Ligand SMILES: [K+]
Ligand SMILES: [K+]
């Protein structure tokens, strides 16, 4: 599984809008509007790296309200070499 | 209760050592080794902001392996209207 924590800057006044639009997506497990250097921190989980890159490409990158991002990934695979 | 995510830059090779020392702390609820702008992400809950401030500037300094932190205070999250 791949977990991504994405820090985001949004357009002014669109923080909650972005938070809820993201939470309506199945891949988004948690989301927080925050006070700090960024406006939100969002937790995403996908089965594969391919799934995460597709999620970012079709969802995140096509939401004009999201203006800046910083992505962090944790890959948790207990059998990465089991093929 | 205050909820926050502390993003950390750590010296290389000390992530898990620090992660385990962090997870053992009562304030620390979740910790993840990650790849990206930061090396470690930790979710903390404290009674007050003053407590969070002391954790960030005093407790974290007990681990010099942690070189930089940026903290995001949650002001809205996924339990809004959903609790
Ligand atoms: K969701
Ligand atoms: K703990």
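Protein chains in written order, with the entry's author numbering: chain B, 1 to 83; chain A, 1 to 83. Virtual Cβ for every residue (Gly too), placed ideally from N, Cα, C.
- Interface residue (Cβ-Cβ distance to chain B less than 7 Å): residue 55 of chain A is not classified as such.
- For residue 36 of chain B and residue 72 of chain A, the gap between their C-alpha atoms comes out near 5 Å.
- The Cβ atoms of residue 65 of chain B and residue 4 of chain B lie no closer than 7 Å to each other.
- At least one C-beta of chain A is nearer than 7 Å to the C-beta of residue 30 of chain B.
- According to the DSSP assignment, residue 46 of chain B belongs to the beta strand (DSSP E) that extends over 40 to 46.
- A residue is called buried once 16 or more other Cβ atoms fall within 10 Å of its Cβ, and residue 43 of chain A is buried on that count.
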